[PDB]
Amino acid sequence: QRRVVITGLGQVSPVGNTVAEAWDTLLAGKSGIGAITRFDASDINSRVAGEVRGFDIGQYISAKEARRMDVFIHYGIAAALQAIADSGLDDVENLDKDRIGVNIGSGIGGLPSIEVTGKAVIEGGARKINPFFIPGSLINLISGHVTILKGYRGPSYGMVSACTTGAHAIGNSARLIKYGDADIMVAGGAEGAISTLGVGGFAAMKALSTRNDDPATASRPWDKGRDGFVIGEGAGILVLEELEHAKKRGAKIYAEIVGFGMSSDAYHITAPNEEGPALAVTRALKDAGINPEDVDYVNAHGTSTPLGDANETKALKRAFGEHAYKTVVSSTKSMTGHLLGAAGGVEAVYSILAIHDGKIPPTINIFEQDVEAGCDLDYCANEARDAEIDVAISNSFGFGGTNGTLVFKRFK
């Protein structure tokens, strides 16, 4: 019955501090990956990352309060306020704030502040713990701060699903609105784990690229020379709004979310198989009431891992059949790196912008496509395309074998 459209976009990421900066960067095929500057990473086998740069949280909230939060909350709050400003909700007279909720997740949360506080305790004891240590690291406090800043009293919580966090949050928020528990939801993911334990943790898994002499081409999905993903940070946020509510005020509408699919591999904890991801894609298309052939663009999970990229391709073939060769796929992680919990968030934004603008962002750094390994689809290599996008799907296949697929559609 109830339909859910997108009326606001918010983004902070390695390719831009606003939605416009990012889109322009992505369409130009420019990388957001560089050498790690956040901390001394000389000891980690991976020393490259997608870092947020030139970003001032003080533009959004007070510096004194910002001081008391870990940076993943900075990214979430900033991207949320962007999306809210973008939707025009701050200018609606007699807005029913009781019907507005916030659902923003994170994969890992306040790892950098936990590391800092830990070092403080070792050196100084338990009395060096700041009074704001715990709220400054709690994942759900992103939603907490946003509701307090805006006076929203609808449902608020965070999700955690590793790489799939942002997808689950957005899909779940859409469910909430349809069920009637809210008319508006602010949803997405935020991540800030560029730290010794964060970067070093995934490196210990041998999951990260070690192309430290060529940062710009470290992330290269479906390329022959790929060797692991490049860690990234930031946040992507949507404003989801019930259609009639959107149309009553004169809201600008980017797209409609028509489908949400979920599955579990039940196989490996940190390596996606074929069937699990295929299930999620299938379930999402069913939920949307559309067929594979209707899908014009797939924003892939596309981590640039040897097994993952190839397994995702096989998963698409299972779910799409022959249309896997007709549709267009692309991984924006080729430019942004892998934002983990925030990945589903920013890539939802990009998918929606693809529909809205009629443009597909490229998978850069495809020098020799890995056809031998089965990666023989159209990954929109190396250059963006003008394309009529009516339906776009965004995939997220995360650690724990948890899968999510969002289905967006042009609104007319």
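When you see a residue number, it is the position in the sequence shown, counting from 1.
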item	value
279 to 287 or 79 to 87, whichever carries the higher mean Cα B-factor	279 to 287
Given 231 to 239 and 128 to 136, the range whose Cα B-factors average higher in the PDB entry	128 to 136
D70, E51, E347, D357, ranked by C-alpha B-factor: the highest one	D357
Residue selected from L353, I33, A343, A28 by maximal Cα B factor	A28
Ranked C-alpha temperature factor of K326 among modelled chain residues, by third	highest
Modelled-residue ranking by C-alpha temperature factor, third containing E191	lowest
Chain-wide C-alpha B factor ranking for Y267, given as lowest, middle or highest third	highest
Where the record places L339 (Cα B-factor, split into thirds across the chain)	lowest
Lowest, middle or highest third - CA B-factor, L95	highest
